[PDB]
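# Reading the structure
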Amino acid sequence: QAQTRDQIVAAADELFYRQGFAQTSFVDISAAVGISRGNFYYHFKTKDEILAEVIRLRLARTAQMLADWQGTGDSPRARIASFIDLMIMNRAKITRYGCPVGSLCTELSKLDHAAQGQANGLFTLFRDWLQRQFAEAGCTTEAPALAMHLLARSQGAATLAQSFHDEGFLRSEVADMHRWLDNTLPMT
Amino acid sequence: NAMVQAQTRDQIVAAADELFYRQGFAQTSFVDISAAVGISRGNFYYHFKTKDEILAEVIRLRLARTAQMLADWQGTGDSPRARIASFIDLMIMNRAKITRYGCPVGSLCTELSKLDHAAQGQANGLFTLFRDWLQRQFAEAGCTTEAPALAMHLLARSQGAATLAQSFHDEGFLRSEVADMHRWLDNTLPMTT
């Protein structure tokens, strides 16, 4: 009953991504890890409380991940194709469950939830990072709008992808993404 | 009632159509809808008995309101270009509503998907009304071969704009995207006067 708070945040994260936030319950979450009514209520009291920590968690899964992209990638366009190809990477989960960030922010946005701002920082995250890549890659002056555009590109791809249950399209789209990203960058 | 219960149903379906979009499907309760029609717990259940029943007709009403909206984009249209334009500019016109509640079409679709709900493919027929239409406007414009491919990317472009504009609450980004789509189209459409 100490650091195992971090453990229930894990299960609620997966649950919120796979199930949606409003439709996941304590029973759901408490069953995942394995706890009773009192063993659970200890660490947690309200759903919104659990959601706070997952959004914290997610922001780590997202900047640290965005690290490994800066890592493996040894150039600008490299570190940014790491983003466009995460979609190819998680094509199965995206076509069934949608984008983790998008599906969360749009859900929180509809509900009119207090935390939409916190959730949207995962978008802000990716954004500021693609904004550095663009800077470093060739168009420092246009980086901001190219950030918002591509970010948007990917969400439209994941959106029709999930709804049409169409993994192919995700591929169609990521091709268009790459091609467009050609007529964009400079040679280095 | 007589032929009028026909329009008593509509009254619940009409009411629900608005809430579903403003609140979410899951979120919208029977009490939300009866309160909104202001009728006996009596009359309501005569017409409808589950949330699922109500959603089924709310989607048929949408599929109806939709294909009829796509009609005005053909009667007032005279050029496939003119008639694709209609599809980009709904975002500008509805920028406000889209900025707050999202694309009416994509928002329901991702909820039903995330909900693993049964009305999924049905809500998706809304997307197909957009797709197939854009397809024949692209063709009639002289992009026949590629018409099914451009319709979906154009469709995609709208959902990207709507998702980020909603998440960020930013009509400015919605505005920047639409204008960018209009340039997209023109630069993709082989011309003809």
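Residues numbered from 1 in each chain as written, not as in the entry; some residues may be left out. Chains lettered and ligands numbered in written order. Heavy atoms only, no water. Residues with missing side-chain atoms left out of burial classes, pairs and counts.

As documented in the archive entry, the model was determined using X-ray crystallography at 1.90 Å resolution.

## A closer look at the overall build of chain B
For clarity, the threshold we go by: Helical segments are the DSSP runs of H or I of at least four residues, strand segments are the runs of E of at least two, and each set is numbered from the N terminus. Only heavy atoms enter the contact rule, under which two residues are in contact if any of them lie within 4.5 Å.
Helices and strands together make up the secondary structure of chain B, namely ten helices and zero strands. Seen in sequence order, chain B has helices and strands lined up from the N terminus as α-α-α-α-α-α-α-α-α-α. Dimensions along the principal axes, computed over C-alpha positions, put chain B at roughly 60 × 40 × 30 Å. Residue pairs at least 24 apart in sequence account for 69% of intrachain contacts in chain B once pairs closer than 6 positions are excluded.

## With respect to the environment of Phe-25 of chain B
Residues and elements named next belong to chain B. Just so we agree on the cut-off: Exposure classes here rest on a 1.4 Å probe applied to the protein chains alone. A residue is buried below 20% of its type maximum, exposed above 50%, and partly exposed in between.
Assignment of secondary structure puts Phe-25 in the loop between helix 1 (6-23) and helix 2 (30-37). On the accessibility criterion, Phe-25 (4% relative accessible area) is buried. Taking the C-alpha atoms as reference points, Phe-25 and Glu-111, 86 residues apart in sequence, are found 7.5 Å from one another.

## Regarding the UniProt feature "domain: HTH tetR-type" (unreviewed entry) in chain A
Under the convention used in this document: UniProt positions are given in the numbering used here, feature names are shortened, and annotations may be inferred rather than shown by experiment.
Per the UniProt record, "domain: HTH tetR-type" (unreviewed entry) is found at residues 2-62 of chain A. Helix makes up 70% of residues 2-62 of chain A and strand makes up 0%, while its end C-alpha atoms are separated by 25 Å.

## Considering the UniProt feature "DNA-binding region" (unreviewed entry) in chain B
What UniProt calls "DNA-binding region" (unreviewed entry) maps, in this numbering, to residues 29-48 of chain B. Counted over residues 29-48 of chain B, helix gives 75% and strand 0%. Its end C-alpha atoms are 12 Å apart.

## A short note on the interface of chain B and chain A
Stated formally: By buried area we mean the combined loss of accessible area, with a 1.4 Å probe, across both parts when two parts are placed together. By convention in these notes, a salt bridge is any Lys or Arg side-chain nitrogen within 4 Å of a carboxyl oxygen on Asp or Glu.
Tallying the contact residues gives 37 residues for chain B and 36 residues for chain A. In this assembly, chain B packs against chain A so that about 3,000 Å² is buried in total across both faces, 58% of it on carbon and sulfur atoms. There are one salt bridge connecting chain B and chain A. Note that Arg-100 of chain B is salt-bridged to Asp-112 of chain A, the shortest N-O span being 2.8 Å.

## Some words on the pattern of salt bridges
All names here are of chain A. According to the stated counting rule, one finds 24 salt bridges over all chains in the structure shown. Among the ionic pairs, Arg-56 bridges to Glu-53, the shortest N-O distance being 3.3 Å. On the criterion of helical spacing, the pair formed by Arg-56 and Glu-53 is a turn pair, its members being three residues apart in helix 4 (residues 47-63). Looking at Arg-56, the relative accessible area reads 47%, which means it is partly exposed.

## A look at the packing of helix 1 (residues 5-19) of chain A against helix 4 of chain A
Residues and elements named next belong to chain A. Selection rule: The angle between two axes is taken between their N-to-C directions and runs from 0 to 180 degrees, where each axis is a line fitted to C-alpha atoms and a helix contributes only its stretch in contact. In this scheme, roughly parallel covers angles under 35 degrees and roughly antiparallel covers those over 145, while 65 to 115 is roughly perpendicular and the rest are oblique. When residue character is reported, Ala, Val, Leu, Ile, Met, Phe, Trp, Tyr, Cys and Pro are called nonpolar, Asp, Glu, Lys and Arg charged, and the others, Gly included, polar.
Running from N to C, helix 1 and helix 4 cross one another at 85°; their axes reach a closest spacing of 9 Å. One finds that helix 1 runs roughly perpendicular with respect to helix 4. Contact residues: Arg-5, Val-9, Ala-10, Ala-12, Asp-13, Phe-16 and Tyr-17 in helix 1; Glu-49, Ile-50, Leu-51, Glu-53, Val-54, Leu-57, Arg-58 and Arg-61 in helix 4. A breakdown of the residues in the contact of helix 1 with helix 4 according to their chemical character gives nine nonpolar, no polar and six charged.

## Re the UniProt feature "DNA-binding region" (unreviewed entry) in chain A
Taking the UniProt record as the reference, the feature "DNA-binding region" (unreviewed entry) is found at residues 25-44 of chain A. Taken end to end, residues 25-44 of chain A is 60% helix and 0% strand, and its two terminal C-alpha atoms sit 12 Å from one another.

## Focus on helix 8 (residues 120-143) of chain B
The following threshold applies: To estimate the expected span of a helix, subtract one from its residue number and multiply by 1.5 Å. Bend is the name given here to the angle between axes fitted to two runs of seven residues, the run ending at a residue and the run starting at it.
Relative to the 34 Å expected for 24 residues at 1.5 Å per residue, helix 8 of chain B spans just 30 Å between its end C-alpha atoms, considerably shorter than the ideal helical length. Along its length, helix 8 of chain B shows its largest kink, about 30°, at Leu-126 of chain B.

## Some details on the packing of helix 4 (residues 51-75) of chain B against helix 5 (residues 80-93) of chain B
Residues and elements named next belong to chain B. Definition in use: A clockwise turn of the near helix away from the far one marks a right-handed crossing, whereas an anticlockwise turn of less than a right angle marks a left-handed crossing.
With their axes 8 Å apart at the nearest point, helix 4 and helix 5 run at an angle of 130° to one another. The angle between helix 4 and helix 5 falls in the class oblique. Two packed elements cross with a definite hand, and for helix 4 against helix 5 that hand is right-handed. Contacts from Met-69, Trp-73 and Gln-74 of helix 4 reach helix 5 at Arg-83, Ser-86, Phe-87 and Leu-90. Looking at the contact of helix 4 with helix 5 residue by residue, the classes come out as four nonpolar, two polar and one charged.

## What about the side chain of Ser-107 of chain B?
We apply this condition: Side-chain atoms alone can form a polar contact between residues adjacent in sequence; in general such a contact is a pair of N or O atoms within 3.5 Å, and within protein one must be able to donate a hydrogen while the other accepts it.
With respect to the helices and strands, the residue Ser-107 of chain B is situated in helix 7 (residues 104-114). Looking at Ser-107 of chain B, its side chain comes within polar contact range of the main-chain oxygen of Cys-103 of chain B, at 2.6 Å. Leaving out residues up to four positions away in the same chain, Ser-107 of chain B has contacts with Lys-110 of chain A together with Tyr-21 and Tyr-101 of chain B.

## Brief notes about the UniProt feature "domain: HTH tetR-type" (unreviewed entry) in chain B
Here, UniProt's "domain: HTH tetR-type" (unreviewed entry) annotation points to residues 6-66 of chain B. Counted over residues 6-66 of chain B, helix gives 80% and strand 0%. Its end C-alpha atoms are 21 Å apart.

## Describing helix 10 (residues 171-188) of chain B
Residue pairs spaced three or four apart in an α-helix point in one direction, given the helix's 3.6 residues per turn. Which entries qualify depends on this criterion: Starting at the helix axis, one direction is taken to each C-beta atom, and the arc is that of these directions.
Taking 1.5 Å of rise per residue, 18 residues should cover 26 Å, and helix 10 of chain B covers 25 Å from first to last C-alpha, within 8% of that figure. Within helix 10 of chain B, the full set of buried residues consists of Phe-173, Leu-174, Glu-177, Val-178, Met-181, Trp-184 and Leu-185 of chain B. Along the long axis of helix 10 of chain B, the arc covered by the buried residues comes to 135°, so they all point the same way. Facing away from the buried surface of helix 10 of chain B by more than 90 degrees, the exposed residues are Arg-183 and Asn-187 of chain B. Check the buried side of helix 10 of chain B and you find it contacts helix 10 (143-163) of chain A together with helix 5, helix 6 (95-101), helix 8 and helix 9 (147-167) of chain B. You can read the cap of helix 10 of chain B off the contacts: a side-chain oxygen lies 2.9 Å from the backbone nitrogen of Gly-172 of chain B, and it is on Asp-170 of chain B.

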